[PDB]
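**Student:** Respectively, the protein sequence lines represent chains A, B, C, D, E, F, G and H. Take 1 as the starting number for the first sequence in the numbering used here and just add one per residue. Take 181 as the starting number for the second sequence in the numbering used here and just add one per residue. Take 293 as the starting number for the third sequence in the numbering used here and just add one per residue. Take 431 as the starting number for the fourth sequence in the numbering used here and just add one per residue. Take 477 as the starting number for the fifth sequence in the numbering used here and just add one per residue. Take 526 as the starting number for the sixth sequence in the numbering used here and just add one per residue. Take 614 as the starting number for the seventh sequence in the numbering used here and just add one per residue. Take 663 as the starting number for the eighth sequence in the numbering used here and just add one per residue. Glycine included, every Cβ here is placed at the ideal spot set by N, Cα and C.
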Amino acid sequence: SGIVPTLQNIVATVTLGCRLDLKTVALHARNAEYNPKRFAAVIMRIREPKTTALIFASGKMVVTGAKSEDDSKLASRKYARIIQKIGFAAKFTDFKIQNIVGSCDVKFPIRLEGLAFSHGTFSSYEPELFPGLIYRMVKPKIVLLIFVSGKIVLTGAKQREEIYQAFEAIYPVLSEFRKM
Amino acid sequence: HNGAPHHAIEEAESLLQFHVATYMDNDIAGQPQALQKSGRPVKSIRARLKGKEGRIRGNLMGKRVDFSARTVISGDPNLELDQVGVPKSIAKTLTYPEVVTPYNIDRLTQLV
Amino acid sequence: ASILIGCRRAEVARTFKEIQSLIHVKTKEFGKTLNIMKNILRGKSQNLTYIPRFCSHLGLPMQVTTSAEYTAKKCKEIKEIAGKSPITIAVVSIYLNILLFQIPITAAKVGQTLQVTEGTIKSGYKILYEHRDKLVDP
Amino acid sequence: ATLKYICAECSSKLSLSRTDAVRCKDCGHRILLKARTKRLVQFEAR
Amino acid sequence: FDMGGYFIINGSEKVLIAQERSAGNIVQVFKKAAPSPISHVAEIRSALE
Amino acid sequence: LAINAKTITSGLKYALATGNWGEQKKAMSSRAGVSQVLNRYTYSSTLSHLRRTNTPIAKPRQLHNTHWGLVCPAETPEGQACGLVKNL
Amino acid sequence: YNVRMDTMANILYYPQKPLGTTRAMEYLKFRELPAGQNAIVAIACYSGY
Amino acid sequence: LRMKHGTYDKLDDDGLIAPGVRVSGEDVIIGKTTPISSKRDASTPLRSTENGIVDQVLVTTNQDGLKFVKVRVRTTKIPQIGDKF
RNA sequence: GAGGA
DNA sequence: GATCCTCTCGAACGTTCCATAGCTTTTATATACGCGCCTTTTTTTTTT
DNA sequence: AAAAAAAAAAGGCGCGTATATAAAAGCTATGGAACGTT
Ligand SMILES: [Zn+2]
């Protein structure tokens with residue numbers, strides 16, 4: 001065991017607590033994107049940290065695309081200021097971790113069919129559909145996306161250890177349903 | 181009790197009446213037969229008794245009994261007119277209950 | 293979900309795609325539903341079977357099928373990209389056997405018959421030719 | 431050899447545990463015979 | 477020596493007994509008994525083949 | 526797409542296996558008695574079976590002159606069915 | 614018969630074709646699958662048995 | 663808990679009698695048991711009247727994939743006092 | 001189905 | 001009705017329109033592995 | 001003979017498959033209403 005499921009992404013929503021002018025942000029801001037016919041969301045991205053700001057008409061701004069919690073936070077604080085840089089009285093309010101997407105590798109194929117027959121209470125392999133396996137640990141509430149290549153993808157989390165602590169309790173089962 | 185759409189009541193009433201009817205007699209003339217999930221109609225009570233192996237003629241006026249046997253017969257001119265040659269294996273099976281008296285107690289002891 | 297449950301329990305091999313060709317399920321909500329249903333039934337309480345079905349669908353004889361059987365049996369122990377959704381591995385084992393033989397069922401017919409990739413077969417065949425060492429019974 | 435089953439069609443030999451129930455491995459048949467015993471059965475010449 | 481002529485259902489050989497029936501499309505005339513009011517009848521049970 | 530073959534398949538099979546000529550839902554209203562089990566007791570019994578003949582339900586039990594040469598004047602299962610069952 | 618597996622088979626040991634035959638029995642393959650033997654019968658009242 | 667009171671000694675582990683074995687009475691010929699879900703006996707003794715030799719035992723799978731078995735018993739019948747001719 | 005008588 | 005025995009089988013309807021929750025909206029990502037489809041690659045082709 | 005053009009596809013990523021979160025903004029459908037309609 002002892003494999004850290006590296007967070008492949010971290011999501012975070014921050015509310016500006018205001019109401020911008022969506023056309024105004026499109027014309028004035030530089031790293032901004034917003035299309036009415038598709039979805040009324042401002043597509044704002046900053047090069048450092050490289051995340052995306054899912055800014056809606058109601059000031060709900062989502063920070064996605066970082067790999068760590070604070071990068072998804074640091075980008076947000078930059079995100080709010082650049083909105084303030086437009087000329088609005090935006091405010092960095094209501095920051096929260098939304099989701100932590102993460103994957104790992106075990107370097108050995110796993111008997112997911114073995115995982116499914118004994119741990120079918122917990123396993124789900126769809127070789128015809130999904131080359132991984134969905135192993136949802138209740139405590140912590142983490143889903144282990146368990147691939148035949150060994151890719152154990154973990155997400156549905158806002159706690160960094162929750163991804164980590166769940167794996168430490170699941171590797172022996174993969175060694176149970178391993179080949180070599 | 182739960183509201184009376186006044187003429188679904190008859191639609192269910194006649195149903196109940198029909199059910200009881202065919203239950204006591206599945207052979208009402210000018211009727212459907214209450215079938216049972218198989219095509220075979222239901223064996224109402226009345227048909228449980230109808231003649232020729234109803235209860236009466238089949239289980240009361242005549243039944244099937246123990247202590248009996250059945251076989252092919254064969255003539256024999258060395259049997260007294262009233263005798264009958266029951267084959268040994270049969271006699272090994274049919275029995276007759278004697279009562280132990282001083283007259284037979286020894287013999288019965290030998291038998292047992 | 294329950295149909296695949298019944299087939300697996302009675303040892304019947306059935307493709308999600310076959311089941312979906314029976315029923316419009318969108319296959320993704322189907323995946324989630326089968327997952328949850330399997331978990332429910334596990335609370336309430338082996339991939340070789342697919343070979344002969346496709347052997348029949350392609351019209352293949354029984355010795356060919358048993359050659360494929362032994363190939364698939366060794367497939368589990370021949371990681372080195374063994375299975376990763378082993379339906380592809382089964383179909384490539386079939387392709388190995390037909391190429392070992394002289395059967396005019398060239399990849400086009402088998403692919404269009406089994407709704408499989410014309411390229412994943414050769415992707416498997418790449419490692420299959422190296423793997424050829426551990427596949428000769430007689 | 432000692433025997434456990436016979437393929438019906440191929441008329442060869444075979445052995446099996448509680449495994450498969452079919453497949454004269456050569457012909458892959460589905461009917462097998464129970465490979466007559468060796469109890470040296472006794473018989474009465476009459 | 478087996479001569480065929482039968483079906484195998486569930487592995488049990490079944491055989492269809494020929495059924496006899498009256499001929500269709502044939503006109504027939506019958507007297508009727510005294511109690512009836514009709515003294516004669518001509519009947520024809522026409523049917524498509 | 527979505528044609529219930531099992532309808533025809535099972536319908537034919539069931540009808541043969543029981544001989545109730547009718548529908549699988551028809552229990553008694555279906556005519557029965559066809560499709561017996563091919564008496565194979567003795568070769569000749571088999572042959573005779575395959576050429577048998579039935580009549581449901583006018584003196585039909587009689588032996589009419591027109592049977593000459595078409596139906597065996599002799600063979601018939603005396604009993605209730607005497608005269609009804611015939612053989613070619 | 615020894616290959617069929619059906620209920621209730623009865624096979625004679627030493628069948629014999631009849632001595633008195635009819636032409637037609639040829640077509641019934643009877644004299645190849647006979648169904649009895651030729652006993653030396655004697656018609657007599659021997660011992661009333 | 664449902665032993666047939668006959669004689670199970672004949673058959674082998676697969677609940678079958680090898681052909682050529684002599685049987686009689688109501689010796690079981692098929693040992694089939696059912697789970698209670700320990701497990702009760704649902705064997706198949708042969709007819710209490712008769713006896714003979716197991717002739718040939720055929721094992722196969724049903725149409726649907728159920729393993730299923732046919733057994734044939736051989737017996738010689740000599741004419742007796744009552745037989746019909 | 002079977003069916004003997 | 002229609003003998004006798006074995007033995008085999010399966011005010012209701014419209015009508016309007018608020019009120020529930022969803023869904024679906026993009027967008028981060030691990031894998032395989034599907035078509036998708038660009039483009040240049042690569043030929044085949046036509047004319048000079 | 002030689003130039004130039006006409007056109008198939010190969011291979012690569014299309015995105016797309018599923019898998020899993022996490023976010024409410026056009027649309028859907030469910031859920032609620034009782035009063036217009038005979
Ligand atoms: Zn064989």
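Which residues in chain B have a C-beta closer than 8 Å to the C-beta of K538 (chain F)? List them in chain order.
**Tutor:** What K538 (chain F) touches in chain B: nothing, since even the nearest Cβ is about 17 Å away.
**Student:** Would you list, in chain order, the members of the segment 707-734 of chain H that have their beta-carbon closer than 8 Å to a beta-carbon of chain G?
**Tutor:** The residues in question are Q718, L720, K732, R734.
**Student:** Tell me which residues share the same chain as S570 (chain F) and place their Cβ nearer than 7 Å to its Cβ, disregarding the 5 neighbours each side in the sequence.
**Tutor:** Hits under 7 Å: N564.
**Student:** Thinking C-alpha only, which one of B:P185, B:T289, B:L196 is nearest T281 (chain B)?
**Tutor:** Ranking B:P185, B:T289, B:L196 by Cα distance to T281 (chain B) puts B:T289 first.
**Student:** Just the C-alpha distance for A53 (chain A) and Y171 (chain A), rounded to the nearest angstrom, thanks.
**Tutor:** Taking the straight line joining both Cα atoms gives about 36 Å.
**Student:** Going by beta-carbon coordinates alone, are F95 (chain A) and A12 (chain A) separated by less than 8 Å?
**Tutor:** Yes, the Cβ-Cβ distance between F95 (chain A) and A12 (chain A) is below 8 Å.
**Student:** Check each candidate in B:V264, B:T202, B:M241, B:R244 and name the one with the smallest Cα separation from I253 (chain B).
**Tutor:** Here the closest residue by C-alpha is B:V264.
**Student:** Consider the Cβ of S569 (chain F): report whether some Cβ of chain G lies at a distance smaller than 8 Å.
**Tutor:** It does: the Cβ of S569 (chain F) has a partner Cβ on chain G nearer than 8 Å.
**Student:** Determine the direct distance from the alpha carbon of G323 (chain C) to that of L129 (chain A), and round the result to whole angstroms.
**Tutor:** Between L129 (chain A) and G323 (chain C), the C-alpha separation is close to 8 Å.
**Student:** Is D456 (chain D) close to ligand 1? I mean its beta-carbon at under 7 Å from any heavy atom of the ligand.
**Tutor:** Yes; taking the cut-off as 7 Å, the Cβ of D456 (chain D) has a heavy atom of ligand 1 nearer than that.
**Student:** According to a CB-to-CB cut-off of less than 7 Å, which residues of the segment 616-629 of chain G neighbour chain H?
**Tutor:** The segment 616-629 of chain G vs chain H, Cβ under 7 Å: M618.
**Student:** In whole angstroms, give me the CA-to-CA distance for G242 (chain B) and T273 (chain B).
**Tutor:** Going by the C-alpha atoms only, they are around 24 Å apart.
**Student:** Give me the chain H residues within the contact set of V252 (chain B), using Cβ-Cβ distance strictly less than 7 Å, ordered along the chain.
**Tutor:** Those are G744, listed as they occur along chain H.
**Student:** Whose C-beta lies closer than 7 Å to the C-beta of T405 (chain C) among residues of the same chain, with five residues either side of it excluded?
**Tutor:** Hits under 7 Å: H349, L350.
**Student:** Can you pull the chain B residues whose beta carbon is under 8 Å from the beta carbon of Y662 (chain G), in chain order?
**Tutor:** Within 8 Å Cβ-Cβ: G255, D256, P257.
**Student:** For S103 (chain A) and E168 (chain A), what's the separation of their Cα atoms in angstroms?
**Tutor:** Going from the Cα of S103 (chain A) to the Cα of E168 (chain A) covers about 14 Å.
**Student:** For the segment 69-102 of chain A, list the alpha helix (DSSP H) runs that are entirely contained and at least 4 residues long, ordered along the chain.
**Tutor:** The qualifying runs are 69-86.
**Student:** Which value, in whole angstroms, describes the spacing of the CA atoms of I55 (chain A) and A400 (chain C)?
**Tutor:** Looking at the two C-alpha atoms, the distance is approximately 49 Å.
**Student:** Are the C-beta atoms of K455 (chain D) and some chain C residue less than 8 Å apart?
**Tutor:** So, interface residue.
**Student:** Just checking: is the beta-carbon of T51 (chain A) within a distance shorter than 8 Å of some beta-carbon in chain C?
**Tutor:** No - not a single Cβ of chain C is within 8 Å of the one on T51 (chain A).
**Student:** What is the C-beta distance between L16 (chain A) and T93 (chain A), in whole angstroms, given that I count them as a contact (C-beta under 8 Å)?
**Tutor:** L16 (chain A) to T93 (chain A), Cβ: 7 Å. Contact.
**Student:** Exposed or buried, what is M553 (chain F) when buried is set at 16 or more other beta-carbons lying within 10 Å of its beta-carbon?
**Tutor:** Label assigned to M553 (chain F): exposed.
**Student:** Between the C-alpha atoms of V42 (chain A) and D71 (chain A), what's the straight-line distance to the nearest angstrom?
**Tutor:** In a straight line, the C-alpha of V42 (chain A) is about 20 Å away from that of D71 (chain A).
**Student:** Considering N331 (chain C), what are the terminal residues of the alpha helix (DSSP H) in which it resides?
**Tutor:** Where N331 (chain C) is concerned, the enclosing alpha helix (DSSP H) stretches over 320-336.
**Student:** Going by DSSP, which residues form a beta bridge with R556 (chain F)?
**Tutor:** Beta-bridge pairing links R556 (chain F) to F:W546.
**Student:** Apart from the five residues just before and just after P602 (chain F), which ones in its own chain have a Cβ nearer than 8 Å to its Cβ?
**Tutor:** Same-chain partners within the cutoff: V610.
**Student:** Just to confirm, does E361 (chain C) get its C-beta within under 7 Å of one of the non-hydrogen atoms of ligand 1?
**Tutor:** No.
**Student:** Could you give the DSSP three-state label for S175 (chain A): helix, strand or coil?
**Tutor:** Of the three classes helix, strand and coil, the one that applies to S175 (chain A) here is helix, per DSSP.
**Student:** First and last residue of the alpha helix (DSSP H) that includes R709 (chain H)?
**Tutor:** That residue, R709 (chain H), is in no alpha helix (DSSP H); it is neither H nor E in DSSP.
**Student:** Identify each residue in the segment 628-658 of chain G for which the Cβ-Cβ distance to at least one residue of chain F is less than 8 Å, and report them in chain order.
**Tutor:** Cβ contacts with chain F come from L641, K642, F643, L646, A648.
**Student:** Cα separation between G727 (chain H) and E639 (chain G)?
**Tutor:** Roughly 45 Å between the two C-alpha positions.
**Student:** Consider the Cβ of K550 (chain F): report whether some Cβ of chain B lies at a distance smaller than 8 Å.
**Tutor:** Judged by the 8 Å Cβ criterion, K550 (chain F) is in contact with chain B.
**Student:** So, for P707 (chain H): in the same chain, excluding its five sequence neighbours on each side, which residues have a beta-carbon less than 6 Å away from its beta-carbon?
**Tutor:** If we look at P707 (chain H) and ignore the five residues flanking it on each side, its Cβ neighbours are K666, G668, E688, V690.
**Student:** At a Cβ threshold of 8 Å, is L572 (chain F) touching chain G?
**Tutor:** Answer yes: the Cβ-Cβ gap between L572 (chain F) and chain G drops below 8 Å somewhere.
**Student:** Which of the three DSSP states, helix, strand or coil, is assigned to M44 (chain A)?
**Tutor:** Of the three classes helix, strand and coil, the one that applies to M44 (chain A) here is strand, per DSSP.
**Student:** Which chain A residues sit within Cβ distance under 8 Å of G375 (chain C)?
**Tutor:** Those within 8 Å of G375 (chain C) in chain A are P109, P127, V148.
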